[PDB]
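Chain by chain, the residues:
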Amino acid sequence: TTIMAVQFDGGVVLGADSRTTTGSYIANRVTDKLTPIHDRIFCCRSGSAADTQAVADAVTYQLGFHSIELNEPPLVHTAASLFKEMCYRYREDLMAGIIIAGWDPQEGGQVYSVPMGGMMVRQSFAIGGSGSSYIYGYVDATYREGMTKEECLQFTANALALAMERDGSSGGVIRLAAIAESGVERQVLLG
Amino acid sequence: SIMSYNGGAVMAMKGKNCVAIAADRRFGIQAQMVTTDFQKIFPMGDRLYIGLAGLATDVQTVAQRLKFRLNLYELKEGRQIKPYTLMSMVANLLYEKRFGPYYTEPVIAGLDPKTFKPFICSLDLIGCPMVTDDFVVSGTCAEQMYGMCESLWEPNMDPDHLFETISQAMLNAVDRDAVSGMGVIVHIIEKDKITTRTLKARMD
Amino acid sequence: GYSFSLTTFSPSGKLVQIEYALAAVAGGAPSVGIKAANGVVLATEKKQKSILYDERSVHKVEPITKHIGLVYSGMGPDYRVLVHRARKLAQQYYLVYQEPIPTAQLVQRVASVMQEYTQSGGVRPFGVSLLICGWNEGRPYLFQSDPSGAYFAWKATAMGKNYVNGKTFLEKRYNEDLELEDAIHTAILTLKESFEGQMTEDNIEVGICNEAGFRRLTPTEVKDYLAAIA
Amino acid sequence: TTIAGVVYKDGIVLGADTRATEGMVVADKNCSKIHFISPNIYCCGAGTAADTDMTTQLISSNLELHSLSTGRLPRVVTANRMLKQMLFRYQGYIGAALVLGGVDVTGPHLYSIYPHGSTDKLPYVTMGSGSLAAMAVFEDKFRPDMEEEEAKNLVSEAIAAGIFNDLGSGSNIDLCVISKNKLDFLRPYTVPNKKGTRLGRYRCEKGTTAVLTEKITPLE
Amino acid sequence: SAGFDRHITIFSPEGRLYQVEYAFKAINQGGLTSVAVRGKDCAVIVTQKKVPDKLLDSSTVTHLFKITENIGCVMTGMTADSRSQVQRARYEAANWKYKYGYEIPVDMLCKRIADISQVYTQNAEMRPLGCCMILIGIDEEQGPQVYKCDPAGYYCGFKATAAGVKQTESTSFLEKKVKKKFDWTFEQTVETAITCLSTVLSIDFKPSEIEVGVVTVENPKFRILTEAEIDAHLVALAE
Amino acid sequence: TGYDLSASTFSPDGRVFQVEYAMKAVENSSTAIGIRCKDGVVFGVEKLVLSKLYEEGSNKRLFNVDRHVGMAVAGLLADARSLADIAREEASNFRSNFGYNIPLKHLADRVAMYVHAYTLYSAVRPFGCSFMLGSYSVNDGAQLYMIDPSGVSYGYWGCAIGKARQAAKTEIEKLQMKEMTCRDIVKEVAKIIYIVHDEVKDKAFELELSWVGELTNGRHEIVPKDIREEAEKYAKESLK
């Protein structure tokens, strides 16, 4: 449910809960909610599941085919435009809370947000999910422009901690992802 | 319901070396009957019949469509058809109308073409098969025939007691039923011969 | 200078573009296939041009289902096409009837496909003759087809280079009653009659059809058996 | 209907219960809910029976076709991709609650499929109407990398609790075990519920029913 | 013979068709040479360039086309058929990746490309894409692979592989060279590729004319060598 | 000499004579060259007035495909117009689908596939055009490509299309091409075009010069050639 992406100077840092529920019963307790597309670009999803999974698979197809034909590493804004087109074309049928982030060689770390409608915007931080309203309450209080990697990790840790603590649908376990020029760093925290 | 538009009840029962299938005779609109000689059990090759219950439109339409495909199969291959093949054929024919469904519950009862092995199965309105060993039923009335056949069935049955068991079951479950009645036709078949008897049912 | 193309008959004869495809079949690599009492044996003759080629990549003996074997004598590039068509068609039969397709129905439908390509007027026929076999309902079968759409039924036959010579050996050597091993023995005999002098574990490629199912033999047992079988 | 799945130290143990109800009346006492896909991959269905049946036969046909075209053992992820693409292509109209399990070269892989197209990789799943009791037994007594008889006892215990909860089955819980080399499949595993013996004899006699019109037809 | 003037794709008498065996030397109008070698857990492509112009670039004369991240290829023959065949290969590999969820093995790709060429051959009123394609890739449980695809649709694949203009001579050297049972320790492969092209063409030239594409089971990514390490291998075989 | 009829058929020696005849169709067309510098790409076309019936500003072979890409066509003009429309359409799809400027390699490959697809079948003929494609980007530099009538598309520093294909590149290649900015290259192309065919076969010609690079900040347009007037005051000094 609750997904989060914060950029910093070197790269970006993502994060999500897992706890995919249906109604009042938890169907699955732990989920890879964030999805690799390319080796340097992620997307994290919310809303309905099958919609975002099918969209992410087709975007993975188109983006991999395009970036192999260029024989160059892809852009992040490219993947954001692809998600924008596929979200906007079937807004009558899809429910996507897709948030695009990823480091780029030309443009560094970027974070794009695509909410349930199909608009595309560049932000420095993003929320997402039904239990994101709360950390959206204080993400304009605790955030400071120009963090380090560890400050972003501690920040999103406190964020997703309180989101999992407060919302009934949110919960489960904390997954993090750190994307920079150096590498891709995933980890599983609790606290 | 739409299943209770024209009534109907089809019972098939597997015996020891033989198999017995029976159905009702009544045809009519929701409460007004018309005739007592409406056919619901059709011959599909030798020692193998099929029974159809539900809306009579889908009964005759699916019966003629199945006869079409059946004769095409038996003319493309000189041999006669195995019952599982027919079951799969009826399943494919019903599943082609997944969202345009017929309102019918076909019941297949037949023998083995090589041996004397009996066979019964039933299908649902979208093509869900179900093979059993004792009996299958279809139509509007269900719980009556379930109670009767779960009361009266034996594993090893001579054809006479088979005939009397299916007779008593059909008579009592039909006489308790309202929209399906007005006589019973019974087909009791085996390797040697084919017997068709009609019972003196209550005309009420 | 006539016939040319596929839409019009000759003044008196036959369909010259099908006769030429049959000649291209007869100019192909040899093969032999024998129907015995319990099983059917297929055997081809697969020579690499150089010493460079690998014998684990391209396969002549090819299964259609778990109990239906099939070889050819012609061109692999068309062979694979009509193989894929027969695959999809047999799986469609098994979708419809939930039962493994009988070989006569396979040969009917494959013959319908080949016949549909012999129809007018822009596509060429296949340069492929099949040898279809399988063990359906106890009695095994053997069905040869041709580019013209026709089909037959054999006890033992051959196709390729010197099929006439191999067939005159088959008429003398083979009979009605054998087992699968004696069938393989006479099959490698009649293939060794016409092949080159160096016949190894890789120059031949043999699959059988027991009633327990199709079986495509390995180079281990093929080298064990043809290590101077007679 | 209560199906379950699990991953032991080598492979996958699947279970099922075979009461195929039609409405409110038990219509079947023996319905094979464990379906064939491949020699290593199997599948279970729940909800609408014929939808699960036709879909699993189509996907098994497609994987037999692909495997015979390729020439080696299939992968589970291809089956998963075909199933999720098909069920999303039907837009969630078809209700087919699937459990997918198989052992590839990479090892055991378990997937559960919800009929809109949402899939998950899990060490243990339960699906169906009485899936909650088996999920209770799983969440109580699961540990990673169990042994064989341990996993069999756990899945049998889970489906047994599903039968002692509502809408289980009279049936003798079906099991199937897939390893890297050894496939087993066991229909009459454990019978807890014997039918009560008849107390008399409601047998009819030769002529207790009036007959109106007879016919005899000989055959060959 | 003909006679029939072989204008369309039909069968001639006794017994061949002449369109495809005219397409087999559309490779020969390329004026180009390609050699592939599989000895061990590596695989090596080598192919020279014929650039007479100083106004012409050097990066965009590359014939090694990275199909996917683990599959490379090289092309000869006419350029348009080659590049269109390459985009068909990329599109169908991406179609594999979309449909089946994992990376395509190099065998199925050659089968699919051969089938496309056969459909282009079976139906008339289309030119049969007169270019030849050699593929390489690493597969698990099979090691490395080297395959060849024909314009006719006849794929095959084998140890020491060569197609282009002068490859009767190249296969003569590769029969006279792959007959001794030594192992091929990757510099044995690079040395035998450079020297087989150096004996077929007999030029013994700068490191700036040939292109070397390698793939190895240590880094399964396809990899194109640089002028420095090409020069290193060339002087490493210089005795 | 055959067997030269269809574009699907091969020859007894293995080549398509339709493609050769279409290649030497552009040989009779006007001379068009191009060259890039270290911060831009310069076009230049020897264009001729018929006799006195033109208007000096009609039918300009310097097209303008994308915001930063234009053509320098030579050959049949209407076929080049249709191909330019196809290139505009392809850049339109890319701008609509990915939100940024098309790389010239991808554009050239799509155009080469389109030209190859018109060379393939027997219903249609191959194109009778040969054109140039230049670009510039802040993260890519200057790129100049080249498409033959067959569909072979690769890159150059300098090129020439027309009669004097060799006779331009004889003295194109003696230019110190790397160390010059394009504002020198303007009068360089002026002198190169002015060298070939002053009065010999025809009566009079006229010069156009297109212009893309860093100095236009990524734009592509024709020079204000009247501004700095760099041909004629040097063309009259290039005759001696």
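The deposited coordinates for this entry were obtained by cryo-EM, with a reported resolution of 4.9 Å.

Asks: Please clarify how the sheet that holds strand β5 (residues 143-149) of chain E should be interpreted in this entry.
Replies: Backbone-to-backbone hydrogen bonds join strands into a sheet, with any given pair of strands oriented parallel or antiparallel. Residues and elements named next belong to chain E. One open sheet accounts for three strands, arranged β3-β4-β5; its pairing is antiparallel. Edge strands, defined here as strands with exactly one partner in the open sheet, are β3 (71-75) and β5. Averaged over neighbouring strand pairs, the angle between their axes works out to 15° when direction is ignored. The pairing of β3 with strand β4 (residues 133-139) spans five bridges and is antiparallel. If you follow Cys73 over to β4, its bridge partner there is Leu135. Along the sheet, helix α3 (residues 106-122) makes contact with β3, β4 and β5, crossing β5 at roughly 10°.

Asks: How do you make sense of the interface of chain D and chain B when you look at a structure like this?
Replies: The figure often quoted for interface size is the accessible area lost as the parts come together. Taken together, the contact pairs 32 residues of chain D with 34 residues of chain B. Within the residue set of the side of chain D that touches chain B, elements represented by two or more residues are β4 (25-26), α1 (49-70), β13 (211-213) and β14 (216-218) of chain D. Top element by residues in the side of chain D that touches chain B is α1 of chain D. It accounts for four residues. By residue class, the composition of the side of chain D that touches chain B is 16 nonpolar, seven polar and nine charged. Where strand β12 (residues 193-199) of chain B and β14 of chain D come together, three bridges link them in antiparallel fashion. Counted as the bridge partner of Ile194 of chain B is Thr217 of chain D from β14 of chain D.

Asks: How should I be thinking about the interface of chain E and chain F in this particular structure?
Replies: On the chain F side, the residues contacting the 26 residues of chain E number 32 residues. Contributing elements (two or more residues each) for the side of chain E that touches chain F: α1 (20-23) and α2 (79-100) of chain E. For the side of chain E that touches chain F, the element with the most residues is α2 of chain E, which contributes six residues. Class assignment for the residues of the side of chain E that touches chain F results in nine nonpolar, seven polar and ten charged.

Asks: I'm lost on the packing of helix α1 (residues 56-76) of chain B against helix α2 (residues 83-95) of chain B in this one. Help?
Replies: For any two helices packed against each other, one specifies the inter-axial angle together with the distance between the axes. Residue and element names in this part refer to chain B. For the pair α1 and α2, the least separation of the axes is 11 Å and the interaxial angle reads 130°. Taken together, the axes of α1 and α2 are oblique relative to one another. When you trace α1 past α2, the crossing you get is right-handed. Between α1 and α2, the residues in contact are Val62, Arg65, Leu66, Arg69, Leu70 and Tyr73 and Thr85, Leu86, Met89, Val90 and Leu93, respectively. When the residues that make up the contact of α1 with α2 are grouped by side-chain class, the tally is eight nonpolar, one polar and two charged.

Asks: Would you explain the nonpolar core in this entry?
Replies: Nonpolar side chains tend to gather and get buried jointly when the protein is soluble and globular. Judged by nonpolar contacts, the single largest core of 47 residues is most densely connected at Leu86, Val90, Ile108 and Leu123 of chain B together with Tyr79 and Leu130 of chain C. Counting residues per element, the ones that place at least two in this core are β6 (48-51), α1, α2 and β8 (118-122) of chain B together with β4 (68-74), α2 (76-97), α3 (103-118) and β5 (128-135) of chain C. The leading source of residues in this core is α2 of chain C, at eight residues. Residues contacting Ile108 of chain B, with those up to four places away along its chain left out, are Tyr49, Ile50, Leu86, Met87, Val90, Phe119, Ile120, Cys121 and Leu123 of chain B. Membership of the second largest hydrophobic core comes to 44 residues, among which are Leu98 and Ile113 of chain D together with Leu109 and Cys131 of chain E.

Asks: Can you walk me through the sheet that holds strand β1 (residues 3-7) of chain A in this structure?
Replies: Residue and element names in this part refer to chain A. The strand order across the open sheet formed by five strands is β10-β1-β2-β11-β12, and the pairing between neighbours is antiparallel. In this open sheet, the two strands that pair with only one neighbour each are β10 (125-126) and β12 (184-189). As paired elements, β1 and β10 share two bridges and run antiparallel to each other. Within the sheet, the bridge partner assigned to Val6 lies in β10 and is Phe125.

Asks: For this particular structure, what's the right way to read the state of the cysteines?
Replies: Such a bond, covalent and formed between the sulfur atoms of two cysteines, is termed a disulfide. With the rule as written, the count across this model stands at one disulfide over all chains. In this model, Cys37 of chain F is linked to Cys182 of chain F through a disulfide, with the two sulfur atoms separated by 2.0 Å. What sets the handedness of the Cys37 of chain F and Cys182 of chain F disulfide is the S-S torsion sign, and at about -110° it is left-handed. In this pair, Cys37 of chain F sits in strand β1 (residues 32-37) while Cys182 of chain F sits in helix α5 (residues 182-195), placing the two residues 145 residues apart along the sequence. With a relative accessible area of 6%, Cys182 of chain F lands in the buried category. A disulfide-free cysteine, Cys18 of chain B has its sulfur positioned 15 Å from the sulfur of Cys149 of chain B, the nearest such atom. Since its relative accessible area comes to 3%, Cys18 of chain B is described here as buried.

Asks: Explain the side chain of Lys148 of chain E here, please?
Replies: Residues and elements named next belong to chain E. With respect to the element layout, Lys148 can be found in strand β5. Among buried charged residues, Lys148 stands out as having no salt bridge; its nearest opposite-charge side chain is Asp150, 6.3 Å away. A polar contact of 3.1 Å, which involves the side chain of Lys148, links it to the backbone oxygen of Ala162. Residues in contact with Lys148, not counting those within four places in the same chain, are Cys132, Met133, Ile134, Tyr154, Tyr155, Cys156, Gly157, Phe158, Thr161, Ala162 and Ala163.

About the criteria used
Residues numbered from 1 in each chain as written, not as in the entry; some residues may be left out. Chains lettered and ligands numbered in written order. Part of a larger assembly, values for the part shown. Heavy atoms only, no water. Residues with missing side-chain atoms left out of burial classes, pairs and counts. Pairing = 2+ DSSP bridges. Helix = DSSP H or I, 4+ residues; strand = E, 2+ residues; numbered from the N terminus. Axes fitted to C-alpha atoms, helices over the stretch in contact; angles between N-to-C directions. Contact = heavy atoms within 4.5 Å. Nonpolar A, V, L, I, M, F, W, Y, C, P; charged D, E, K, R; others polar. Parallel < 35°, antiparallel > 145°, perpendicular 65-115°, else oblique. Left-handed = near helix turned anticlockwise from the far one by under 90°. Core = buried A, V, L, I, M, F, W, Y, C linked by side-chain atoms within 4.5 Å. Buried < 20%, exposed > 50% of the residue type's maximum accessible area, 1.4 Å probe, protein only. Disulfide = S-S within 2.5 Å. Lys, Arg positive; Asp, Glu negative; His and termini not counted. Salt bridge = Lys/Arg side-chain N within 4 Å of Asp/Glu carboxyl O. Polar contact = N/O pair within 3.5 Å; in protein donor to acceptor, adjacent residues only side chain to side chain.

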